[PDB]
$ cat entry-v1.cif   # mmCIF, N, CA and C atoms
data_input
loop_
_atom_site.group_PDB
_atom_site.id
_atom_site.type_symbol
_atom_site.label_atom_id
_atom_site.label_comp_id
_atom_site.auth_asym_id
_atom_site.auth_seq_id
_atom_site.Cartn_x
_atom_site.Cartn_y
_atom_site.Cartn_z
ATOM 1 N N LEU N 1 0.830 -1.197 0.000
ATOM 2 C CA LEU N 1 0.000 0.000 0.000
ATOM 3 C C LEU N 1 0.870 1.254 0.000
ATOM 4 N N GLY N 2 1.938 1.229 0.789
ATOM 5 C CA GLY N 2 2.842 2.364 0.868
ATOM 6 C C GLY N 2 3.547 2.567 -0.459
ATOM 7 N N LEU N 3 3.933 1.461 -1.079
ATOM 8 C CA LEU N 3 4.619 1.523 -2.356
ATOM 9 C C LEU N 3 3.693 2.097 -3.429
ATOM 10 N N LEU N 4 2.421 1.719 -3.371
ATOM 11 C CA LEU N 4 1.446 2.207 -4.340
ATOM 12 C C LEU N 4 1.291 3.724 -4.220
ATOM 13 N N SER N 5 1.272 4.216 -2.986
ATOM 14 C CA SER N 5 1.122 5.647 -2.739
ATOM 15 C C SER N 5 2.446 6.376 -2.952
ATOM 16 N N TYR N 6 3.485 5.615 -3.271
ATOM 17 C CA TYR N 6 4.807 6.187 -3.497
ATOM 18 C C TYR N 6 4.749 7.209 -4.628
ATOM 19 N N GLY N 7 4.078 6.836 -5.716
ATOM 20 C CA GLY N 7 3.941 7.718 -6.879
ATOM 21 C C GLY N 7 4.163 6.949 -8.176
ATOM 22 N N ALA N 8 3.799 5.670 -8.173
ATOM 23 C CA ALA N 8 3.964 4.840 -9.358
ATOM 24 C C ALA N 8 2.938 5.220 -10.419
ATOM 25 N N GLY N 9 1.937 5.998 -10.011
ATOM 26 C CA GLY N 9 0.888 6.433 -10.932
ATOM 27 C C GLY N 9 -0.414 6.701 -10.185
ATOM 28 N N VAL N 10 -0.298 7.275 -8.991
ATOM 29 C CA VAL N 10 -1.474 7.578 -8.182
ATOM 30 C C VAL N 10 -2.375 8.579 -8.897
ATOM 31 N N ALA N 11 -1.772 9.636 -9.440
ATOM 32 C CA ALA N 11 -2.528 10.664 -10.157
ATOM 33 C C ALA N 11 -2.504 10.384 -11.653
ATOM 34 N N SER N 12 -1.698 9.405 -12.049
ATOM 35 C CA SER N 12 -1.577 9.039 -13.456
ATOM 36 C C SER N 12 -2.645 8.026 -13.848
ATOM 37 N N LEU N 13 -3.434 7.574 -12.869
ATOM 38 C CA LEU N 13 -4.493 6.588 -13.130
ATOM 39 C C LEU N 13 -5.880 7.254 -13.095
ATOM 40 N N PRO N 14 -6.212 7.981 -12.052
ATOM 41 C CA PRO N 14 -7.544 8.656 -11.953
ATOM 42 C C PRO N 14 -7.837 9.539 -13.167
ATOM 43 N N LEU N 15 -6.887 10.403 -13.513
ATOM 44 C CA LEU N 15 -7.057 11.294 -14.654
ATOM 45 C C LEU N 15 -7.156 10.490 -15.945
ATOM 46 N N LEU N 16 -6.303 9.481 -16.065
ATOM 47 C CA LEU N 16 -6.294 8.634 -17.252
ATOM 48 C C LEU N 16 -7.617 7.882 -17.385
ATOM 49 N N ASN N 17 -8.144 7.408 -16.261
ATOM 50 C CA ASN N 17 -9.400 6.667 -16.273
ATOM 51 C C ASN N 17 -10.541 7.537 -16.795
ATOM 52 N N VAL N 18 -10.569 8.795 -16.369
ATOM 53 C CA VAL N 18 -11.614 9.711 -16.813
ATOM 54 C C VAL N 18 -11.509 9.931 -18.319
ATOM 55 N N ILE N 19 -10.290 10.168 -18.787
ATOM 56 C CA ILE N 19 -10.057 10.386 -20.208
ATOM 57 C C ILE N 19 -10.397 9.123 -20.989
ATOM 58 N N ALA N 20 -9.969 7.984 -20.458
ATOM 59 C CA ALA N 20 -10.230 6.703 -21.107
ATOM 60 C C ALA N 20 -11.716 6.366 -21.049
#

$ encode --input "entry-v1.cif" --output "structure tokens"
Amino acid sequence: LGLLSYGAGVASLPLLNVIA
């Protein structure tokens, strides 16, 4: 969980999901 929140794509997924 900590690794996920590290910055592997936390904001790179939500925005992408909306666009997608």

$ atom_distance --input "entry-v1.cif" --atom1 "atom C of residue N:4" --atom2 "atom C of residue N:17"
17.7 Å

$ axis_aligned_box --input "entry-v1.cif" --around "stretch 7-19 of chain N" --padding-each-side "6 Å" --output "JSON"
{"center_x": -3.7, "center_y": 8.1, "center_z": -13.4, "size_x": 27.8, "size_y": 18.5, "size_z": 27.3}

$ atom_distance --input "entry-v1.cif" --atom1 "atom C of residue N:5" --atom2 "atom C of residue N:19"
22.3 Å

$ select_by_dssp --input "entry-v1.cif" --residues "chain N" --states "alpha helix (DSSP H)" --output "ChimeraX atom specification"
/N:4-7,14-19

$ decode --input "entry-v1.cif" --residues "chain N" --atoms "C-alpha atoms" --output "PDB file, in the first residue's frame"
ATOM      1  CA  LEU N   1       0.000   0.000   0.000  1.00  0.00           C
ATOM      2  CA  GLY N   2       2.842   2.364   0.868  1.00  0.00           C
ATOM      3  CA  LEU N   3       4.619   1.523  -2.356  1.00  0.00           C
ATOM      4  CA  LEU N   4       1.446   2.207  -4.340  1.00  0.00           C
ATOM      5  CA  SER N   5       1.122   5.647  -2.739  1.00  0.00           C
ATOM      6  CA  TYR N   6       4.807   6.187  -3.497  1.00  0.00           C
ATOM      7  CA  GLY N   7       3.941   7.718  -6.879  1.00  0.00           C
ATOM      8  CA  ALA N   8       3.964   4.840  -9.358  1.00  0.00           C
ATOM      9  CA  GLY N   9       0.888   6.433 -10.932  1.00  0.00           C
ATOM     10  CA  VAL N  10      -1.474   7.578  -8.182  1.00  0.00           C
ATOM     11  CA  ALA N  11      -2.528  10.664 -10.157  1.00  0.00           C
ATOM     12  CA  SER N  12      -1.577   9.039 -13.456  1.00  0.00           C
ATOM     13  CA  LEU N  13      -4.493   6.588 -13.130  1.00  0.00           C
ATOM     14  CA  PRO N  14      -7.544   8.656 -11.953  1.00  0.00           C
ATOM     15  CA  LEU N  15      -7.057  11.294 -14.654  1.00  0.00           C
ATOM     16  CA  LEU N  16      -6.294   8.634 -17.252  1.00  0.00           C
ATOM     17  CA  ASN N  17      -9.400   6.667 -16.273  1.00  0.00           C
ATOM     18  CA  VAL N  18     -11.614   9.711 -16.813  1.00  0.00           C
ATOM     19  CA  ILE N  19     -10.057  10.386 -20.208  1.00  0.00           C
ATOM     20  CA  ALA N  20     -10.230   6.703 -21.107  1.00  0.00           C
TER      21      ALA N  20
END
